[PDB]
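Take a look at the structure set out below.
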Protein chains: 16
Amino acid sequence: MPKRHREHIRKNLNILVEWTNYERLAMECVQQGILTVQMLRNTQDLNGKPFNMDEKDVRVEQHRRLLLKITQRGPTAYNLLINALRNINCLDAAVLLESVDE
Amino acid sequence: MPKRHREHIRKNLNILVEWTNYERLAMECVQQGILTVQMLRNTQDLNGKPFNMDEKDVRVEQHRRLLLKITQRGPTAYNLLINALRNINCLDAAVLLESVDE
Amino acid sequence: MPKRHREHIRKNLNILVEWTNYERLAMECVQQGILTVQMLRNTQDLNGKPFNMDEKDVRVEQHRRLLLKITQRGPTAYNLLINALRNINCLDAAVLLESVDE
Amino acid sequence: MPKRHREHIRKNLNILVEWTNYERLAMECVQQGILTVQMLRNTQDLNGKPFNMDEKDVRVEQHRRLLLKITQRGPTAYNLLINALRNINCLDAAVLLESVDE
Amino acid sequence: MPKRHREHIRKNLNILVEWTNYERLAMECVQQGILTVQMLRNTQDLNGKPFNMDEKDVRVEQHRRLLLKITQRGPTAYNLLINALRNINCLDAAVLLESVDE
Amino acid sequence: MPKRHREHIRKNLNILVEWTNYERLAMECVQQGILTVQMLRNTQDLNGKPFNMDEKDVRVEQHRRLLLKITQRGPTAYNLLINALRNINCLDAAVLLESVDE
Amino acid sequence: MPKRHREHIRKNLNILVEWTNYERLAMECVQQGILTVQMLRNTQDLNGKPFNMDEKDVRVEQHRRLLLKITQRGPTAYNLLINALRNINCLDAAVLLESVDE
Amino acid sequence: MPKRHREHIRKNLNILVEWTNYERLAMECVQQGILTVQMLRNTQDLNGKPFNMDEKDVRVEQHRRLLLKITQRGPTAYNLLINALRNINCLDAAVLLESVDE
Amino acid sequence: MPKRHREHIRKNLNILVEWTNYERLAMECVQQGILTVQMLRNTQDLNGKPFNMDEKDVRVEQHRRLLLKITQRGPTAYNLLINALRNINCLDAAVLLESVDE
Amino acid sequence: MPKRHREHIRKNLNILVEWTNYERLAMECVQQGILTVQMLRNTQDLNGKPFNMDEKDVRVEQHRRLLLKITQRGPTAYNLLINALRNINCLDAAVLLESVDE
Amino acid sequence: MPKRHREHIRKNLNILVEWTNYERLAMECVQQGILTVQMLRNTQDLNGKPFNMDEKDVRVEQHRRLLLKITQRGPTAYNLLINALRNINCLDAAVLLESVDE
Amino acid sequence: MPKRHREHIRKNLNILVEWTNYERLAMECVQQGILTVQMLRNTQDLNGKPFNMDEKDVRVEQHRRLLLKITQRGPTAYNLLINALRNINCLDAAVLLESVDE
Amino acid sequence: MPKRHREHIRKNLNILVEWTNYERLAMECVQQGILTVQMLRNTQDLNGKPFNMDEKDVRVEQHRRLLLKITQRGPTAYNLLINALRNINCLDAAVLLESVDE
Amino acid sequence: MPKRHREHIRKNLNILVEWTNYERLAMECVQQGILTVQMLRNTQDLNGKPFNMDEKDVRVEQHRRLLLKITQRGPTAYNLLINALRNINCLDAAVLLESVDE
Amino acid sequence: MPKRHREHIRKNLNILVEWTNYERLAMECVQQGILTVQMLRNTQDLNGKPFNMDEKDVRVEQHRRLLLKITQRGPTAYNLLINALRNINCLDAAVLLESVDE
Amino acid sequence: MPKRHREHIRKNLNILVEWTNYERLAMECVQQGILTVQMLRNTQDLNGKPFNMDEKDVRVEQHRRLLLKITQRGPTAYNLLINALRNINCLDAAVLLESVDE
């Protein structure tokens, strides 16, 4: 997708990784029409070293690894994520991801 | 300031009211070169009825009343708030408030 | 989607209703990112009178009711159905549905 | 005949080899004003090795060898085959062979 | 077909009705891809009154009724008749029917 | 005379050599204002070897040698022959010789 | 034929009626490809009253009636008469009839 | 005088040498305002050898030598001779000499 | 002839009537190709009353009546009279009649 | 004076030397405003040899020598001589000398 | 003659009437080619009343009446008088009468 | 002053030296606003040799030497002299000196 | 800020350092939204040698060091200082600092 | 003088009334080439009521009345006052009065 | 003379009436080529009432009446007076009267 | 000041040095706003040698040295001197110094 889009979710990868539940997001995004049993695996999992890292901080990394792969996708990725998140019921981040346009 | 700016802080008045401490913001914003002992009073305080409302929810309203008045201000209001927040050390919202441009 | 597309699946609604398994199609199309537990219900089911009609001829009607709703959809509907059918492994109808273009 | 025509019957040589009876087609096509006692012989027959191949699969090959020779013909070949097939009463393939135009 | 064609076979309906055998023509023309069991019937037969007319003169009328119906046909009718007659082996009339062009 | 004229009587030298009596033609053509006691002699006669050839086939050759010399003539040759033949009462060949024009 | 031609043979109808023998002319002109057993009759004969007129003067009138009818004819009439007279061996009048041109 | 004039009396030197009396012409032409006692002498006389030639044929030569000298003259020679001959009362040659014009 | 010519011989009708002998002129002018036994009569003679007039003065009048009629003539009249007078050997008046030109 | 003037009196030096009395001219011309006791002397006299010449012919020469000197003069010479001669009462030469103009 | 000429001799009629002898002028001017026995009479004489006037003053008036008549004359009058006076040997007035030009 | 002025008084230095008294002129010209006790001295006097010359002829020379010096002067010299002379009461020379203009 | 601004406060650094109290200015300017605990320190303090300098003259130097740093600032520096001074209640210098514009 | 000048000394009438001694100014300004014993009187004096006003405040008013009258003056008034003040040795106000330009 | 000249001697009629002696001027100006025994009288004298006026003041008036009349004169009046005064040896007023030009 | 100004007071330095009292001028000119205790000293005094020169002639030199220095001055020098002299009450020289303009 465009340049001004990757930069968006890039810097704002914290708010989006915070307000949306990840279970409710991952299982839905794959579910949405984007990634697959393979993609979400590699995204949801990590390098393996992350084990050094305490519990609080692995789910957040995961969730942060998600949007990076979603951004990876085809140009709808915006229109895909905005809707998926419209359903996750994280409207306050759907705005975040959409308002930069218009 | 411009139209596309009021709409920004308008819809995204939750993220900004969340990540930035309000004490550290109010006492700094007034401190910044914007509002005054009078402004911040009327903003920090509310109608009076808010008393019906429990503790959790009055500080959040307050903080949400702040950005509305900041938005009220002169066209720097952007460049004012982005910096004030650069100091509040809520960088993850300074981005939010800035990234919509560029 | 375009006019020359509805006419396509319209007249050629027999070949497409024949070569593709319906189970493998319905459960996949809904699955694909098109219709929903509601859509496929109303499509997979019929008016109710169809009961007059013998077994051979209700599944064929069903399957024929599917493509009509798929055609109903947004302009990808082509690009959606061509791929869904690329997976159903009814390539000899994916061609049918695609070859009219190019 | 044109390029976009050979490609048509080429990829869609299965549907056309399926829905139309071959007897009713061969004896009619030659009969139609296309091939001859010589053509249809060489088309209806094959290399000779096809003997390795079981019954189901030789008539289908034959029938598939027909359209290839029909395609071989002069530019009417379309308008010839569409009509011949209009008579074979395989309308659902006459459509197939025609609908790509218009 | 064109005007200058009907006039041709019109005035020159004697030479063409003379040099070509009619059996070898009728059974071939129908055979050719022009008329049908119905056409050739009505052409080969006549009003019924022709009975007044002696044998010599009914076959000639018949044969003369043929070219009139052939002329009746679609614009190939020229290119159809020239070839059919190329086979009847009445080359000396195929010339007649062709030479007016070029 | 023109090119498209020699080609005419050339290929159609059979019909014209058939329908018109030769006596009634030769004695009239010379008579017409074309050839002379010398021309018609050399045309009506032949090389001398023609003797190998049976009766049926010498008069036909003769008659066929006539039109070749008539064609030889000045540009009226058309308008000359068409009229001469209008008198020979071989109208069905006068047409032949004329209809190629107009 | 043209105007300046009728005027020619008109005024110079004496020289032409004098130098050319009439027998050798009449029997040749008709013979030439101009008039007919009917024309030459009416020309060679006269009204009937000419009987008042002596022998010398009826043949001269006749001969003078000839050129008038020859002039009557089609535009070759010049080119016809000049040649006919080239044969009559009245060259000294063929010149007369030709020299006015060129 | 012009070219097309010398050619006239040149070829038509017989008719003019025939119809006009020579006495009535010579004695008048000189008389007319053209030649002189010297000219007409040399014209009326000849080389001297003409003696070989019989009577009929010397006066005709003479008379034929006249028009040649008249033609020799100045451009009126036409308008001179036409009038002189208008008087000689050989009108039927005055026409001859004039009609080529107009 | 032109205007400036009549005026010439008009005023200068004395010199011309003086230097040229009249016998040698009259008998020559008529002789020249101008007037006739009739003209010269009426010119050479006079009204009849001239009888009142003595001898000296009638020949002079006559001679003066001549040039008036010569002037009367066709446009050569100049070129006619100049030459006639060139012969009369009245050169000193031929000059007179010519010199006004050039 | 002009060229066409010297030529005039030049060729017409006879008429002018004839009709005008010389006494009445010389004594008047000098008298007129042209020549002088010196000019007229040399003109009226001659070379001296003229003595060979008889009386008739010396006065005529003299008189002829006059006009030559008058012509010699300034451009009026025309307008001078025409008037002088208008007085000499040789009007019939004043015309001569004038009429060439106009 | 021109205007600027009459004005000249008009105002300067004293100098010119003074320096030139009148006898030597009158008898010369008439003599010159201007006036006549009649003109000079009427100029040289006067009204008749001049008798009142003494001798000195009548010759001066006379002489003054001369130039007035000379001025009266044709346009040479200048070129006439300048020369006449060039001879009278009144050069000092010839200058007067000429110098106004150039 | 101009050229055409010096030439004037130059040639006409006699009339002007005659009609105007010199005393009345010299004593006035100097008096006028032109020359001076020095100028008029050298003008009124002469070389000294003039003594050879008799009385009549020295005053005239003097007076003639005056106008030469007056002419010598500035461009008014005309307008100066014309007026000075208008006073000297030699009007008949004031005219002389003025009339050449206008 | 602009050039014509630095020159302003530069030359007029005395009036501005005089009329505005420094305490009321420093503590307000820093307070205003310009300098900081660091800036005002280095400005309010000096090199250290200033100790040679008596009391009167160090506060004045200080105050004079202030405006130099204020001038140092961003282009508002004008609009900043004019307002800060509008509050210091040194209006008579706010004018000074503003009036140079407009 | 210009508008932007009156406004200058108008608002900045305090600084200028402060830094320049008035004695040293008044006695110099009048002295300068501006006002007069009359002007400075009316300026230096006041309405008369000023008596209500204490000593401090009358000299200041006076001095303030001065510049108002100086401003009143002709357009040099600037260039006059700037120099006068250059001498008063109030350079720090000469700047004030000048710096607004340039 | 011009306007800017009358104004000159008008206002500067004192200096000119002062520096130039009047005797030496009057007797010279009249003498110069300007006024006359009549002019200078009326100028040098006055109305008659001037008698009221003492001696000092009548000569000055006189002298002042002079230049007024000199100014009255023709356009040289400048060039006349400047020179006259160049001689009066009042150079310091000749300058006055001249310097206004150039 | 301009060129045409220095030349003015230059040549007319006598009239101006005469009519204006010097005391009343010097003490006023310096007084005027031009020179100074230094200028007027050096102008009012001289080289020192002037002592050779008698009293009458030193004050005049002085006064003449003044205008030279006044001329020296800035371009008003005209407008300065004209007014200063308007006060000196030497109006008759103020005119002198002004009238050269306008």
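By convention in this document, the chains of the structure tokens carry letters A, B, ... by their order, each chain's residues are numbered from 1, and ligands are numbered from 1 in the order they are shown.
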Can you give me chain E superposed onto chain N, least-squares on all Cα in order, written as a short mmCIF file (atom, residue, chain, number, x, y, z; two decimals) with N, CA and C atoms, in the first residue's frame?
data_model
loop_
_atom_site.label_atom_id
_atom_site.label_comp_id
_atom_site.auth_asym_id
_atom_site.auth_seq_id
_atom_site.Cartn_x
_atom_site.Cartn_y
_atom_site.Cartn_z
N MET E 1 4.68 67.76 6.90
CA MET E 1 5.49 66.61 6.51
C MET E 1 4.59 65.37 6.40
N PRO E 2 5.14 64.21 5.97
CA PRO E 2 4.32 63.00 5.89
C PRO E 2 3.49 62.60 7.12
N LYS E 3 2.59 61.65 6.90
CA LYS E 3 1.70 61.12 7.94
C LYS E 3 2.47 60.27 8.94
N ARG E 4 3.20 59.28 8.44
CA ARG E 4 3.98 58.38 9.29
C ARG E 4 5.02 59.09 10.15
N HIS E 5 5.12 60.41 10.02
CA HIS E 5 6.03 61.21 10.83
C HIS E 5 5.33 61.82 12.04
N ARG E 6 4.16 62.42 11.82
CA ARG E 6 3.36 62.96 12.91
C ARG E 6 3.01 61.89 13.94
N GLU E 7 2.71 60.69 13.45
CA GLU E 7 2.37 59.56 14.32
C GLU E 7 3.55 59.17 15.17
N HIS E 8 4.74 59.25 14.58
CA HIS E 8 5.97 58.94 15.28
C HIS E 8 6.19 59.78 16.54
N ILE E 9 6.41 61.08 16.34
CA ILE E 9 6.63 62.00 17.45
C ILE E 9 5.40 62.09 18.34
N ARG E 10 4.25 61.69 17.80
CA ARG E 10 3.00 61.72 18.54
C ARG E 10 3.02 60.74 19.71
N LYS E 11 3.13 59.45 19.39
CA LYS E 11 3.16 58.41 20.40
C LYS E 11 4.46 58.46 21.20
N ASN E 12 5.56 58.77 20.52
CA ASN E 12 6.87 58.85 21.17
C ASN E 12 7.19 60.27 21.63
N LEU E 13 6.18 60.97 22.11
CA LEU E 13 6.35 62.34 22.59
C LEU E 13 6.82 62.37 24.04
N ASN E 14 6.92 61.19 24.65
CA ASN E 14 7.35 61.07 26.04
C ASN E 14 8.86 60.91 26.16
N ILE E 15 9.39 59.99 25.37
CA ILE E 15 10.82 59.74 25.35
C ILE E 15 11.54 61.01 24.92
N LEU E 16 10.99 61.67 23.90
CA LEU E 16 11.63 62.86 23.35
C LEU E 16 11.50 64.05 24.30
N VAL E 17 10.45 64.04 25.11
CA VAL E 17 10.20 65.12 26.06
C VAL E 17 10.98 64.84 27.33
N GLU E 18 11.57 63.66 27.40
CA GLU E 18 12.28 63.26 28.60
C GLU E 18 13.77 63.45 28.45
N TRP E 19 14.36 62.83 27.44
CA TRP E 19 15.82 62.78 27.36
C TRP E 19 16.48 64.13 27.00
N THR E 20 15.82 64.95 26.18
CA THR E 20 16.36 66.27 25.81
C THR E 20 16.03 67.35 26.85
N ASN E 21 17.04 67.97 27.47
CA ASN E 21 16.83 69.24 28.17
C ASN E 21 15.98 70.22 27.36
N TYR E 22 15.08 70.95 28.01
CA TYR E 22 14.15 71.81 27.28
C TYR E 22 14.75 73.18 26.99
N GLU E 23 15.47 73.73 27.97
CA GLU E 23 16.18 74.99 27.80
C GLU E 23 17.08 74.87 26.58
N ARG E 24 17.90 73.82 26.65
CA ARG E 24 18.90 73.52 25.65
C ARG E 24 18.24 73.17 24.34
N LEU E 25 16.95 72.85 24.39
CA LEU E 25 16.22 72.54 23.18
C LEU E 25 15.50 73.78 22.69
N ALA E 26 14.58 74.33 23.47
CA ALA E 26 13.83 75.53 23.06
C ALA E 26 14.73 76.62 22.48
N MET E 27 15.66 77.09 23.31
CA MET E 27 16.53 78.20 22.92
C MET E 27 17.34 77.87 21.66
N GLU E 28 17.45 76.58 21.35
CA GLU E 28 18.18 76.07 20.18
C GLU E 28 17.31 75.86 18.93
N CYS E 29 16.08 75.41 19.16
CA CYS E 29 15.13 75.12 18.11
C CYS E 29 14.73 76.44 17.47
N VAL E 30 14.38 77.39 18.30
CA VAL E 30 14.01 78.68 17.78
C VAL E 30 15.27 79.14 17.05
N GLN E 31 16.37 78.88 17.73
CA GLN E 31 17.70 79.24 17.32
C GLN E 31 18.02 78.50 16.05
N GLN E 32 17.53 77.27 15.96
CA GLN E 32 17.76 76.43 14.79
C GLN E 32 17.32 76.95 13.41
N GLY E 33 16.28 77.78 13.31
CA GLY E 33 15.73 78.01 11.99
C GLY E 33 14.35 77.46 11.82
N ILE E 34 13.60 77.40 12.93
CA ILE E 34 12.21 76.98 12.92
C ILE E 34 11.14 77.98 13.38
N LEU E 35 10.95 78.09 14.68
CA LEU E 35 9.94 78.96 15.25
C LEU E 35 10.55 80.31 15.56
N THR E 36 9.83 81.15 16.30
CA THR E 36 10.22 82.54 16.51
C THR E 36 9.81 83.03 17.89
N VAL E 37 10.28 84.22 18.26
CA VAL E 37 9.95 84.81 19.55
C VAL E 37 8.46 84.67 19.86
N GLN E 38 7.66 84.57 18.81
CA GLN E 38 6.21 84.44 18.97
C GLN E 38 5.82 82.98 19.17
N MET E 39 6.28 82.11 18.28
CA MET E 39 5.98 80.69 18.36
C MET E 39 6.38 80.12 19.72
N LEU E 40 7.68 80.07 19.98
CA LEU E 40 8.19 79.55 21.23
C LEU E 40 7.49 80.16 22.44
N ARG E 41 7.09 81.43 22.38
CA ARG E 41 6.32 81.99 23.50
C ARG E 41 5.05 81.18 23.76
N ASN E 42 4.24 81.04 22.73
CA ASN E 42 2.95 80.37 22.84
C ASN E 42 3.10 78.88 23.14
N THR E 43 4.23 78.33 22.73
CA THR E 43 4.52 76.92 22.99
C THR E 43 5.04 76.68 24.40
N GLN E 44 6.11 77.39 24.75
CA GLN E 44 6.65 77.50 26.10
C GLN E 44 5.63 77.97 27.12
N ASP E 45 4.77 78.91 26.76
CA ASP E 45 3.69 79.17 27.68
C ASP E 45 2.57 78.20 27.32
N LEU E 46 1.44 78.31 28.01
CA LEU E 46 0.36 77.33 27.89
C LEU E 46 -0.94 78.11 27.98
N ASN E 47 -2.03 77.45 28.36
CA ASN E 47 -3.32 78.11 28.36
C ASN E 47 -3.44 79.14 29.48
N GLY E 48 -2.82 78.85 30.62
CA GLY E 48 -2.93 79.71 31.78
C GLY E 48 -3.49 78.93 32.95
N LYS E 49 -4.47 78.07 32.67
CA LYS E 49 -4.99 77.13 33.66
C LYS E 49 -3.94 76.14 34.21
N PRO E 50 -2.94 75.82 33.40
CA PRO E 50 -1.88 74.89 33.82
C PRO E 50 -1.39 75.20 35.23
N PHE E 51 -1.75 76.36 35.75
CA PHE E 51 -1.34 76.77 37.09
C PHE E 51 -1.87 75.80 38.14
N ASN E 52 -2.94 75.12 37.82
CA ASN E 52 -3.47 74.19 38.78
C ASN E 52 -2.38 73.14 39.01
N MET E 53 -1.56 73.00 37.99
CA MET E 53 -0.61 71.94 37.92
C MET E 53 0.73 72.26 38.55
N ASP E 54 1.22 71.30 39.32
CA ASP E 54 2.43 71.46 40.09
C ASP E 54 3.60 71.56 39.15
N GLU E 55 4.67 72.12 39.73
CA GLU E 55 5.93 72.39 39.07
C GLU E 55 6.41 71.19 38.28
N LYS E 56 6.57 70.03 38.91
CA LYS E 56 7.11 68.95 38.09
C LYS E 56 6.50 68.91 36.69
N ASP E 57 5.22 69.25 36.58
CA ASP E 57 4.40 68.77 35.49
C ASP E 57 4.10 69.83 34.44
N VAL E 58 4.66 71.02 34.62
CA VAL E 58 4.43 72.11 33.68
C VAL E 58 5.55 72.20 32.65
N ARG E 59 6.79 72.07 33.11
CA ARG E 59 7.94 71.97 32.22
C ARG E 59 7.83 70.78 31.27
N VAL E 60 7.32 69.66 31.77
CA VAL E 60 7.15 68.46 30.96
C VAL E 60 6.08 68.69 29.89
N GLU E 61 5.03 69.42 30.27
CA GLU E 61 3.96 69.76 29.36
C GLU E 61 4.45 70.70 28.27
N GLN E 62 5.14 71.75 28.71
CA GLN E 62 5.85 72.68 27.84
C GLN E 62 6.67 71.99 26.76
N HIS E 63 7.62 71.21 27.25
CA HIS E 63 8.54 70.45 26.43
C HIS E 63 7.74 69.56 25.47
N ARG E 64 6.61 69.04 25.96
CA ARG E 64 5.72 68.22 25.14
C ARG E 64 4.92 69.06 24.15
N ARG E 65 4.87 70.36 24.39
CA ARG E 65 4.12 71.25 23.53
C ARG E 65 5.04 71.67 22.42
N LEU E 66 6.33 71.50 22.66
CA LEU E 66 7.33 71.94 21.70
C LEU E 66 7.34 71.08 20.47
N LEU E 67 7.55 69.79 20.68
CA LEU E 67 7.64 68.84 19.60
C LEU E 67 6.38 68.86 18.75
N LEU E 68 5.24 69.15 19.37
CA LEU E 68 3.98 69.27 18.65
C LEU E 68 4.01 70.42 17.65
N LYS E 69 4.63 71.52 18.03
CA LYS E 69 4.76 72.65 17.13
C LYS E 69 5.86 72.39 16.09
N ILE E 70 6.90 71.66 16.48
CA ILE E 70 7.99 71.33 15.57
C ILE E 70 7.50 70.41 14.45
N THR E 71 6.67 69.48 14.85
CA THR E 71 5.97 68.58 13.98
C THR E 71 5.09 69.43 13.12
N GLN E 72 4.63 70.54 13.65
CA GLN E 72 3.74 71.37 12.88
C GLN E 72 4.40 71.88 11.64
N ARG E 73 5.70 71.92 11.64
CA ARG E 73 6.40 72.68 10.64
C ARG E 73 6.58 72.03 9.30
N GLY E 74 7.35 72.69 8.46
CA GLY E 74 7.59 72.25 7.10
C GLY E 74 8.39 70.97 6.98
N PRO E 75 8.31 70.35 5.73
CA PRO E 75 8.65 68.93 5.76
C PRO E 75 10.03 68.61 6.27
N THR E 76 10.94 69.56 6.32
CA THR E 76 12.24 69.27 6.88
C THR E 76 12.05 68.86 8.35
N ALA E 77 10.95 69.28 8.91
CA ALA E 77 10.79 69.28 10.36
C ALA E 77 11.51 68.08 10.94
N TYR E 78 11.46 66.97 10.22
CA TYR E 78 12.22 65.81 10.61
C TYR E 78 13.68 66.19 10.58
N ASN E 79 14.18 66.43 9.38
CA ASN E 79 15.60 66.70 9.19
C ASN E 79 16.07 67.89 10.02
N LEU E 80 15.15 68.79 10.37
CA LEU E 80 15.47 69.91 11.24
C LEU E 80 15.66 69.42 12.69
N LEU E 81 14.72 68.61 13.16
CA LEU E 81 14.70 68.24 14.56
C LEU E 81 15.80 67.24 14.87
N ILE E 82 16.05 66.34 13.92
CA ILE E 82 17.07 65.32 14.08
C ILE E 82 18.43 65.96 14.30
N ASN E 83 18.67 67.08 13.62
CA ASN E 83 19.96 67.77 13.69
C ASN E 83 20.04 68.63 14.93
N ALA E 84 18.97 69.39 15.16
CA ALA E 84 18.91 70.21 16.36
C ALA E 84 19.20 69.33 17.56
N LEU E 85 18.59 68.15 17.57
CA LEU E 85 18.77 67.21 18.67
C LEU E 85 20.14 66.54 18.62
N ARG E 86 20.71 66.41 17.43
CA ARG E 86 22.09 65.95 17.31
C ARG E 86 23.01 66.91 18.05
N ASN E 87 22.61 68.17 18.14
CA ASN E 87 23.41 69.16 18.87
C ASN E 87 23.07 69.24 20.36
N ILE E 88 21.78 69.24 20.70
CA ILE E 88 21.34 69.14 22.10
C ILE E 88 22.07 68.02 22.85
N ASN E 89 22.62 67.07 22.09
CA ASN E 89 23.45 65.97 22.60
C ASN E 89 22.54 64.95 23.26
N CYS E 90 21.31 64.91 22.77
CA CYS E 90 20.39 63.85 23.10
C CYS E 90 20.34 62.81 21.97
N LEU E 91 21.52 62.36 21.55
CA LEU E 91 21.69 61.36 20.49
C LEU E 91 20.72 60.18 20.63
N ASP E 92 20.54 59.68 21.85
CA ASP E 92 19.61 58.59 22.13
C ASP E 92 18.12 58.89 21.84
N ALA E 93 17.82 60.10 21.39
CA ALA E 93 16.47 60.44 20.96
C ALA E 93 16.55 60.86 19.50
N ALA E 94 17.71 61.32 19.06
CA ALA E 94 17.92 61.59 17.65
C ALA E 94 17.77 60.27 16.90
N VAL E 95 18.31 59.21 17.51
CA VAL E 95 18.12 57.88 16.99
C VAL E 95 16.63 57.61 16.96
N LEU E 96 15.96 57.77 18.10
CA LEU E 96 14.54 57.50 18.19
C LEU E 96 13.76 58.12 17.03
N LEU E 97 14.05 59.39 16.77
CA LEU E 97 13.36 60.19 15.77
C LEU E 97 13.79 59.86 14.34
N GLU E 98 14.92 59.17 14.20
CA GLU E 98 15.45 58.87 12.86
C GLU E 98 15.26 57.41 12.42
N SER E 99 15.48 56.49 13.35
CA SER E 99 15.49 55.04 13.13
C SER E 99 14.23 54.47 12.52
N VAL E 100 13.08 55.05 12.85
CA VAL E 100 11.82 54.73 12.17
C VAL E 100 11.87 54.85 10.65
N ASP E 101 12.87 55.55 10.13
CA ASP E 101 13.07 55.62 8.70
C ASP E 101 14.18 54.63 8.38
N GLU E 102 14.70 54.70 7.16
CA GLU E 102 15.81 53.84 6.73
C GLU E 102 15.35 52.38 6.58
#
### Task
Enumerate, as a PyMOL selection string, the complete set of residues in range 9-102 of chain H that a backbone-based DSSP assignment places in alpha helix (DSSP H).
chain H and resi 9-11+15-19+23-32+39-44+56-72+77-88+91-99
